[PDB]
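Here's the structure we're looking at; comments come further down.
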Amino acid sequence: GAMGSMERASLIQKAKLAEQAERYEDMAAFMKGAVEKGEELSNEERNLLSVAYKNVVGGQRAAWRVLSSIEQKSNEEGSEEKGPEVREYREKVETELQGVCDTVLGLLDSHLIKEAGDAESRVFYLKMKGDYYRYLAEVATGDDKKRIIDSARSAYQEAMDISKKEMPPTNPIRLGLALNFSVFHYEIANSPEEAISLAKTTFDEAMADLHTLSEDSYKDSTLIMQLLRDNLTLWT
Amino acid sequence: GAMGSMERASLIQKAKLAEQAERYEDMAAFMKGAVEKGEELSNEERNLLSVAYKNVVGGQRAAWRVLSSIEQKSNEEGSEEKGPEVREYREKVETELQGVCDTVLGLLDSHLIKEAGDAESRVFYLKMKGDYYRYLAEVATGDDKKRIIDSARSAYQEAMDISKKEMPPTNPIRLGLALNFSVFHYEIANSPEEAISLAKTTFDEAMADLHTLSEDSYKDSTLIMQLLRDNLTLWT
Amino acid sequence: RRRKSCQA
Amino acid sequence: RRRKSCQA
Ligand SMILES: *Cc1cccc(C(=O)N(C)CCS*)c1
Ligand SMILES: *Cc1cccc(C(=O)N(C)CCS*)c1
Ligand SMILES: [Cl-]
Ligand SMILES: [Cl-]
Ligand SMILES: [Mg+2]
Ligand SMILES: [Mg+2]
Ligand SMILES: [Mg+2]
Ligand SMILES: [Mg+2]
Ligand SMILES: [Mg+2]
Ligand SMILES: [Mg+2]
Ligand SMILES: [Mg+2]
Ligand SMILES: [Mg+2]
């Protein structure tokens, strides 16, 4: 599309500038253009892709939650009828959010996942697929909700299976995947015990493998382990 | 345009929802639609208009400054040539920023200012006109720079003349106008002594009139007086 | 205290 | 310490 005339390397350079400027919509557009060049992404480029879209969808999700809370209050007994505007505007934000999720899922399907053969890259993309189905599930209320939830579950499960076979328990991608799949269990799949079990097992297995790491890898792994602990403390 | 089919009251309601959701681009689009209905704005509606566009242009200005700093470093002796990308991306953000300024200035000219007869509304809009010319001046480097600067000066000066005749020295619009015109003098017009004199005189004349105010008006006025003091402390 | 998910 | 301007 609009980025078709720009060099791949220039798109990557501009994505990094957009990050520094906190222009995440631009960052995502640049990284979409880079993906659409058709070549595989490096580790750093995968990270830029994830940063860009997570920040974009993060603003939409936070806005959706604000609007959904207002809408729910409007439907309480005793609340004055204010017309269709709250629902309409929540729907507008929701549709935009769904569009961003569909865009990311489309990049993963055409054709990032199918060309990703190394465990790290494949797990990274499958985690992303689970995440964006999870964001679709956060807003889903209709007849496809169960299939959306199962699509998130299936992508996370494939990522977990690969990560357990091919990556050490301290690997940051493996750890972040487990963090997110545990959140999926807790708040999407109505399975808090599974969420807690996964977070605890992931934390304990990472703890046992820290002795193998350099100081820098130790810092990387313990940072994510603390996120698992934060959730365990909140949930127990 | 795109908001032509939505009721004026629904646009205002959605602008307030967008503010709560921190969706300032949406907020600005709603308020532009409301202005384009052709009716005058109330005090609260003027405030919503200003909030919306100030937040939008604020993100653009902050991004422009980040990119301009990187560009300036790239042109230092000893810096590696990295190609046209930094300039191109700074120009992209700059053009978008100029477009937002032109949009606001267009709403003021067609037809908010000409229908604003009460001192408060007229000063409010003329202050906005000075502000958006000032933001154009922040990025101007060419042959129209002097005329852009003079357009900001002229709008601020008319607002000052009306505010001195028609509004008390503690009025928050008058105070905020003086704050901004002082910044214009300091950092656009290369007149720091004028900036300091205006901030000091404005502060002292407001101080002397605080005794006339209710507790709530006193809180409003002293808040802006503190901004004037903050600048005086920075500049002296 | 919002639960944590993985922010790249 | 950035100088202040008027934020509605
Ligand atoms: C799964 C993943 C993707 C991108 C970055 C990371 C990571 O190392 N951190 C620190 C983000 C928080 S999990 C992980
Ligand atoms: C000039 C102006 C416009 C909108 C709001 C205000 C105001 O009262 N405050 C507190 C903003 C900071 S000057 C003033
Ligand atoms: Cl809407
Ligand atoms: Cl560009
Ligand atoms: Mg090429
Ligand atoms: Mg209504
Ligand atoms: Mg491959
Ligand atoms: Mg391995
Ligand atoms: Mg009507
Ligand atoms: Mg280059
Ligand atoms: Mg009138
Ligand atoms: Mg008066």
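Letters A, B, ... go to the chains of the structure tokens in the order shown; residues in each chain start at 1; ligands are counted from 1 in the same order.
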Can you build me a table of chain B residues sitting at most 10 Å from ligand 10, with the closest atom pair per residue and its distance in Å to one decimal, using only C-alpha atoms and all ligand atoms, sorted by chain and residue number, as a tab-separated table?
residue	atom	partner	partner_atom_place_in_ligand_line	distance
B:81	CA	ligand 10	1 (Mg)	8.0
B:82	CA	ligand 10	1 (Mg)	4.6
B:83	CA	ligand 10	1 (Mg)	4.1
B:84	CA	ligand 10	1 (Mg)	6.3
B:85	CA	ligand 10	1 (Mg)	5.7
B:86	CA	ligand 10	1 (Mg)	8.2
Preceding selection exported with N, CA, C and O atoms as a short mmCIF file (atom, residue, chain, number, x, y, z; two decimals), in the first residue's frame:
data_model
loop_
_atom_site.label_atom_id
_atom_site.label_comp_id
_atom_site.auth_asym_id
_atom_site.auth_seq_id
_atom_site.Cartn_x
_atom_site.Cartn_y
_atom_site.Cartn_z
N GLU B 81 26.71 10.08 7.75
CA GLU B 81 25.59 10.30 6.85
C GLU B 81 24.65 9.11 6.92
O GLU B 81 25.06 7.97 6.66
N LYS B 82 23.39 9.36 7.26
CA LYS B 82 22.39 8.30 7.38
C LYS B 82 21.30 8.40 6.33
O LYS B 82 20.31 7.65 6.40
N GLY B 83 21.44 9.30 5.36
CA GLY B 83 20.46 9.43 4.30
C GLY B 83 19.39 10.45 4.61
O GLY B 83 19.48 11.20 5.59
N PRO B 84 18.36 10.49 3.78
CA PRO B 84 17.31 11.52 3.89
C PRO B 84 16.21 11.20 4.89
O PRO B 84 15.32 12.04 5.08
N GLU B 85 16.26 10.05 5.57
CA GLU B 85 15.10 9.58 6.32
C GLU B 85 14.74 10.49 7.49
O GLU B 85 13.55 10.70 7.75
N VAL B 86 15.73 10.99 8.23
CA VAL B 86 15.40 11.84 9.38
C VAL B 86 14.70 13.11 8.92
O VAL B 86 13.66 13.51 9.47
#
**Expected selection as a PyMOL selection string for ligand 12 within 7 Å, only C-alpha atoms and all ligand atoms** = chain B and resi 166-168
**Asked** Got a sec to check which residues lie within 7 Å of ligand 1, using only C-alpha atoms and all ligand atoms, and send them as number ranges by chain?
**Response** A: 47, 50, 124, 127, 172-177, 220, 223-224; C: 5-8
**Asked** Would you name the residues within 9 Å of ligand 5, counting only C-alpha atoms and all ligand atoms, and put them as a PyMOL selection string?
**Response** chain A and resi 5-9+37
**Request:** Point out the residue among A:75, A:180, A:190, A:171 with the least atom-to-atom distance to chain C, counting only C-alpha atoms.
**Result:**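 The closest residue to chain C is A:180.
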**Message:** When you look at stretch 91-104 of chain A with a cut-off of 9 Å (counting only C-alpha atoms), what residues show up, excluding the ones that are within fewer than 6 positions of it in the same chain? I need them as a VMD selection string.
**Reply:** chain A and resid 32 53 56 to 57 60 to 61 63 to 64 67 128 to 129 132 to 133 135 to 136 139
**Request:** Would you mind listing the residues within 6 Å of ligand 11, counting only C-alpha atoms and all ligand atoms, as JSON, numbers by chain?
**Result:** {"B": [115, 116, 117]}
**Message:** Restricting the calculation to only C-alpha atoms: of A:193, A:143, A:161, A:26, which residue gets closest to chain B?
**Reply:** A:26
Enumerate residues in contact with ligand 7: an atom-to-atom distance of at most 10 Å, counting only C-alpha atoms and all ligand atoms. Format the result as a short mmCIF file (atom, residue, chain, number, x, y, z; two decimals) with N, CA, C and O atoms, in the first residue's frame.
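To be explicit, this is the file written out as pocket_3.cif:
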data_model
loop_
_atom_site.label_atom_id
_atom_site.label_comp_id
_atom_site.auth_asym_id
_atom_site.auth_seq_id
_atom_site.Cartn_x
_atom_site.Cartn_y
_atom_site.Cartn_z
N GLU A 39 10.24 -10.16 3.03
CA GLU A 39 11.37 -10.84 3.65
C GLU A 39 11.07 -11.12 5.12
O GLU A 39 10.24 -10.47 5.75
N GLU A 40 11.77 -12.12 5.65
CA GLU A 40 11.65 -12.44 7.07
C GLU A 40 12.19 -11.28 7.91
O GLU A 40 12.96 -10.43 7.44
N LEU A 41 11.74 -11.22 9.16
CA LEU A 41 12.18 -10.19 10.10
C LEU A 41 13.27 -10.73 11.00
O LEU A 41 13.24 -11.90 11.41
N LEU A 112 4.02 -14.17 7.74
CA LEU A 112 5.09 -14.25 8.73
C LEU A 112 5.21 -15.64 9.35
O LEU A 112 6.31 -16.20 9.45
N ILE A 113 4.09 -16.20 9.81
CA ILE A 113 4.17 -17.47 10.54
C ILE A 113 4.68 -18.59 9.66
O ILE A 113 5.55 -19.37 10.07
N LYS A 114 4.18 -18.69 8.42
CA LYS A 114 4.52 -19.84 7.60
C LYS A 114 6.00 -19.86 7.22
O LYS A 114 6.53 -20.93 6.93
N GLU A 115 6.68 -18.71 7.22
CA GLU A 115 8.09 -18.69 6.89
C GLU A 115 9.00 -18.75 8.11
O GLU A 115 10.23 -18.84 7.95
N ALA A 116 8.43 -18.73 9.32
CA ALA A 116 9.22 -18.71 10.56
C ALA A 116 9.53 -20.13 10.99
O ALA A 116 8.66 -20.86 11.49
N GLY A 117 10.79 -20.54 10.80
CA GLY A 117 11.21 -21.90 11.10
C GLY A 117 12.02 -22.04 12.38
O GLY A 117 12.03 -23.11 12.99
N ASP A 118 12.70 -20.98 12.80
CA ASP A 118 13.43 -21.05 14.05
C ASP A 118 12.47 -20.92 15.22
O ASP A 118 11.49 -20.17 15.16
N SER A 121 11.54 -17.30 16.54
CA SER A 121 10.67 -16.50 15.69
C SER A 121 9.26 -17.08 15.65
O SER A 121 8.28 -16.33 15.75
N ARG A 122 9.14 -18.40 15.52
CA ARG A 122 7.82 -19.02 15.45
C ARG A 122 7.03 -18.79 16.73
O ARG A 122 5.85 -18.43 16.68
#
**Prompt:** Quick one: distance from atom CA of residue B:137 to atom CA of residue B:152 in Å, one decimal?
**Reply:** 8.3 Å
**Message:** If DSSP is run on the backbone, what residues of stretch 52-235 of chain B are alpha helix (DSSP H)? A reply as a ChimeraX atom specification would be ideal.
**Reply:** /B:52-74,85-107,113-115,119-139,145-166,172-187,192-209,215-235
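Closest approach to ligand 6 among B:105, B:3, B:17, B:65: B:17, based on only C-alpha atoms and all ligand atoms.
Atom pair atom CA of residue B:30 / atom 1 (Mg, counted along the ligand's line) of ligand 9: separated by 14.4 Å.
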**Prompt:** From the set A:230, A:216, A:22, A:120, which residue has the shortest atom-to-atom contact distance to ligand 8, counting only C-alpha atoms and all ligand atoms?
**Reply:**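 Going through A:230, A:216, A:22, A:120 one by one, the smallest distance to ligand 8 is for A:120.
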